[PDB]
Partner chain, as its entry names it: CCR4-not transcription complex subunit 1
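As structure tokens, one chain now follows by itself in the form deposited without its partner chain.
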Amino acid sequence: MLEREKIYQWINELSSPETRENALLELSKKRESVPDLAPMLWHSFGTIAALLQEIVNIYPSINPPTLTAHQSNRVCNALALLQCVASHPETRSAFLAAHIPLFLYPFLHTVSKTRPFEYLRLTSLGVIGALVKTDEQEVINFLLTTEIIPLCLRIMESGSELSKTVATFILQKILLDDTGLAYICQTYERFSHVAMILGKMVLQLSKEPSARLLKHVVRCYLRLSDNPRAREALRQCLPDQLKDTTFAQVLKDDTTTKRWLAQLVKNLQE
């Protein structure tokens, strides 16, 4: 009972800027303990507009990169609430129709390696991640037309171990869709851009390993082998580190990733 009242109060407190900051903090942490939080956020008057205001207010501090720890903490609570709106089945289609991801694209364009920026990009990726996990064709077709693949690949190449995992995960969920695989493999340009980054990643992974990032890079390579045009291209460009005993030690524990790489090499044979 009392628990819900506290939540309803905070949702209503998001509407006035005088209480918005604290209401963001309290709700962003109670986020996982409240299952129906997303439709409560969605069907409360001017709650989404308040969340989007928190995003647009931070735009002048993005470029030039003058975003502070406090500024980042505040916007990342708002982005966390959008993350859960993106996840929920009742609100996901409505969130996409409201083009909410387009507000995060400036954040994903940032390169500043400061923690306020690290957190901003990671939380923003988490929103796209939440949207893709739902394995919805409509999400995929949105993402394909909005040029997220370039933004992901930039992060995938030169981001934090985890933000790289999250961006690779977003690429993976696109590639898993038939239309997504068809799109990336449609032109040599598109495929070559993806494969080059994926390969570059295998090389950094062979130096500084990440058993979770390798799991997603392997799944990406394996999914590309489903397209014959990509399979033939991969017969030439596949990193030698995936063919030999490089990752054999780190994959002693991961029997699933071990299976994927075993299937990939078999798929490439013929």
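Positions refer to the first chain, counted from 1.
Unshown form solved in complex with its partner chain; subsequent notes refer to it.
*Is residue 202 a contact residue for its partner chain in the deposited complex, using a 4.5 Å heavy atom cut-off?*
No, residue 202 stays farther than 4.5 Å from its partner chain in the deposited complex.
*asked:* Although the partner isn't part of this model, could you tell me whether residue 209 comes within 4.5 Å of its partner chain in the deposited complex, counting any heavy atom of the residue?
replied: Close contact is absent here: in the deposited complex, residue 209 is far from its partner chain, nothing within 4.5 Å, heavy atoms only.
*Can residue 56 be called a contact residue for its partner chain in the deposited complex at 4.5 Å between heavy atoms?*
Heavy-atom contact with its partner chain at 4.5 Å: present for residue 56.
*Would you check, heavy atoms only and a 4.5 Å threshold, whether residue 196 touches its partner chain in the deposited complex?*
No, residue 196 stays farther than 4.5 Å from its partner chain in the deposited complex.
*Counting only heavy atoms, which residues in 32 to 64 are within 4.5 Å of its partner chain in the deposited complex?*
Contacts from 32 to 64: 39, 40, 42, 43, 44, 45, 46, 48, 49, 50, 52, 53, 56, 57, 59, 60, 62, 63, 64.
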